[PDB]
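What follows is one structure encoded as structure tokens, with my remarks underneath.
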Amino acid sequence: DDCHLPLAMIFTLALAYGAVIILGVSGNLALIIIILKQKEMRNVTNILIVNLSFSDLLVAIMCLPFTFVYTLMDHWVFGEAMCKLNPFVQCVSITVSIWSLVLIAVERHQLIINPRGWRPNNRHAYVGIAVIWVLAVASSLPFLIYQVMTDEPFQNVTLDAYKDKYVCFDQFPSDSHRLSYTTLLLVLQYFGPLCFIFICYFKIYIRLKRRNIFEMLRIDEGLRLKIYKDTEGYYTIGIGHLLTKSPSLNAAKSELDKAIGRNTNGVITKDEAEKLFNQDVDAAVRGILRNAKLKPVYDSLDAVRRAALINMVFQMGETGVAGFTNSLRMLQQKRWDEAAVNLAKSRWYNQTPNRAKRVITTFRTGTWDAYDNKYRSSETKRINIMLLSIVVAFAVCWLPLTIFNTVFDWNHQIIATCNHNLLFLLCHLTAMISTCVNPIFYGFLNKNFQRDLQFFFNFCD
Ligand SMILES: COC(=O)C1=C(C)NC(C)=C(C(=O)OC)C1c1cccc(NC(=O)NCCCN2CCC(c3cccc(OC)c3)CC2)c1
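Residues 31 to 241, 1001 to 1160, 250 to 339 in the authors' numbering are what the sequence shown lists, from first letter to last.
Put into structure tokens, the structure is as follows:
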């Protein structure tokens, strides 16, 4: 066989695997214990995170050490029971994690669409996790059924006359049966769901940008649920939405019952106000793009700075903002500090300083730091970025082993060498690291958990 694996690699790997056990097993068990006993911190997202780290506890116990030890041997010393479970319990774990991450993305998407009235009773999450586990066990079953432990190796193993040497290998009906199962598993259970997860998180980001523009105008133009007479003298409702220039209150009430399409009687809801504000934002955007002066300036700006421009259109109008000739020129040319000086030298700034000072600070920094009251928008931005990073870390971790496994499923004829076993252990370890990314991203990036894990570890002493 001309084979020779060095002990300089073996011990370094044993240290690396042992580190991923003590960081994984403890971290995933700490994440569970904290969320479980800490009631009210056990929300739909957190319940699915406990389910996610429970599967990562199984692959760390049932699969991780047995695969490493078997690789360094020409025979399976753990029995038929541990042999058949190895690909099954690993597959179930990848699948449960995939669907639990899918469910988290759907829950986060429902929260960004409707945060006000979304009060979910955890029973739908318990229903989800049960369906996920039944779906995972079912789809993974052929690995358990077709994994074999026979003392009849395909290849020459080292002689041992006193004991019968057994080998743990996959023995599917045929190569087409194995390859067909494996390719739709990889496509429909790995790539497929992941694509959908990223689709949701993109849709979350897009709807969050439009709701950030809502919070900006709420603080400035003001959110009113009753038909009120504005500075001009005409009837308005919500965030500066004009009904009619008609002086009759009943004539103005008729426009609201037409805009909403419901018998309002002068009173509308918080959600009803956001729906019309978003329509005005689109109407303003359409106008800004129709405006030759304001179109190159809007196109130049980022999401935050475009909102500062929209806030200005909502206040002065299109002909109003167009009058800021030299200031818009500077904003177009990305001179944020120079433009902040010029926008303060206006008749707009002197008249409405409180609003202007905020709009100017947003045009200079390019962030919602001017509107510090909006800290609720800043928190869910951090949570969704962390949750997306968990998905990417999961996808990247398993990707080298997923490639190694398919490459050798199509090239099943190829004999396992010392170079293959080293490459496999480097892929297996990277995949095993996914067990650690769940508590490290939910600990060192989550503010609630980092202080809580320290007030539990030091409390034990
Ligand atoms: C829903 O997503 C999934 O279910 C999976 C993903 C995403 N990610 C991994 C790592 C999987 C896994 O661990 O599932 C249990 C399965 C999966 C995917 C594709 C393909 C496969 N193929 C097989 O298991 N073939 C059966 C043959 C497996 N052999 C791979 C090579 C290995 C080996 C080991 C040492 C040296 C070698 O050199 C030739 C070869 C021996 C076992 C699995």
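Cβ coordinates follow ideal geometry from the N, Cα and C atoms, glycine included.
Close beta carbons around residue i, own chain, < 6 Å, minus the five adjacent residues each side
{"i": "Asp1158", "result": "none"}
{"i": "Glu110", "result": "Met179"}
{"i": "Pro223", "result": "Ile128, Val132"}
Heavy atom of ligand 1 within 7 Å of residue i beta-carbon
{"i": "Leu94", "result": "no"}
{"i": "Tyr196", "result": "no"}
{"i": "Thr188", "result": "no"}
{"i": "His298", "result": "yes"}
{"i": "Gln120", "result": "yes"}
{"i": "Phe173", "result": "yes"}
{"i": "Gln219", "result": "yes"}
{"i": "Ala294", "result": "yes"}
{"i": "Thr313", "result": "no"}
{"i": "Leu131", "result": "no"}
{"i": "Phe286", "result": "yes"}
{"i": "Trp1157", "result": "no"}
{"i": "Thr212", "result": "yes"}
{"i": "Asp200", "result": "yes"}
{"i": "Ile227", "result": "no"}
{"i": "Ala309", "result": "yes"}
{"i": "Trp276", "result": "yes"}
{"i": "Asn336", "result": "no"}
Beta-ladder partner(s) of residue i, from DSSP
{"i": "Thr1025", "result": "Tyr1017, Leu1031"}
{"i": "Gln177", "result": "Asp200"}
{"i": "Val1056", "result": "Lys1015"}
Separation of residue j from residue i, as counted between CA atoms
{"i": "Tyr196", "j": "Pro183", "result": "7 Å"}
{"i": "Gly57", "j": "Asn81", "result": "14 Å"}
{"i": "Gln177", "j": "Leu301", "result": "22 Å"}
{"i": "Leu323", "j": "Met264", "result": "7 Å"}
{"i": "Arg1007", "j": "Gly1076", "result": "21 Å"}
{"i": "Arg1013", "j": "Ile234", "result": "27 Å"}
{"i": "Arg1079", "j": "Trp1125", "result": "25 Å"}
{"i": "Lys259", "j": "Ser169", "result": "35 Å"}
{"i": "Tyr100", "j": "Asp200", "result": "14 Å"}
{"i": "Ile227", "j": "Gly158", "result": "16 Å"}
{"i": "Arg329", "j": "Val55", "result": "20 Å"}
{"i": "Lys1059", "j": "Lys1042", "result": "18 Å"}
{"i": "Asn1001", "j": "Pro145", "result": "13 Å"}
{"i": "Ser204", "j": "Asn262", "result": "44 Å"}
{"i": "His306", "j": "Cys198", "result": "17 Å"}
{"i": "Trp106", "j": "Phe98", "result": "11 Å"}
{"i": "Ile268", "j": "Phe327", "result": "15 Å"}
{"i": "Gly1055", "j": "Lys1018", "result": "12 Å"}
Contacts around residue i, its chain only, beta-carbon distance under 7 Å, and the 5 residues preceding and following it disregarded
{"i": "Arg1095", "result": "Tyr1087"}
{"i": "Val119", "result": "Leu88, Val89, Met92, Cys93"}
{"i": "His290", "result": "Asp205"}
Own chain, CB closer than 8 Å to residue i, minus 5 neighbours either side, in chain order
{"i": "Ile51", "result": "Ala90, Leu94, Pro95"}
{"i": "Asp1091", "result": "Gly1155"}
{"i": "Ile143", "result": "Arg237"}
{"i": "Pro172", "result": "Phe202, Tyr211"}
{"i": "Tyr1160", "result": "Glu1004, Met1005, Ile1008, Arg1147, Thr1151"}
Contact between the region 61-80 and the region 90-100: three or more CB pairs below 8 Å?
-> no
Do three or more CB pairs link the region 210-217 to the region 276-289 at distances below 8 Å?
-> yes
Given 8 Å as the limit, is there contact between the region 1121-1130 and the region 1076-1089, that is, 3 or more CB pairs closer than that?
-> These segments touch.
Would you say the region 1093-1105 touches the region 1145-1157, given that touching needs at least three Cβ pairs under 8 Å?
-> Yes, the region 1093-1105 is in contact with the region 1145-1157.
Quick one: any contact between the region 1066-1080 and the region 1025-1039, if contact means 3 or more CB pairs under 8 Å?
-> yes
Quick check: the region 251-263 against the region 295-314, are there 3 or more CB pairs under 8 Å?
-> no
Cβ contact check for the region 300-314 and the region 263-279: 3 or more pairs under 8 Å | Yes: the two stretches touch, three or more of their Cβ pairs being nearer than 8 Å.
Any 3 or more C-beta pairs closer than 8 Å across the region 102-119 and the region 203-213 | No contact exists between the region 102-119 and the region 203-213.
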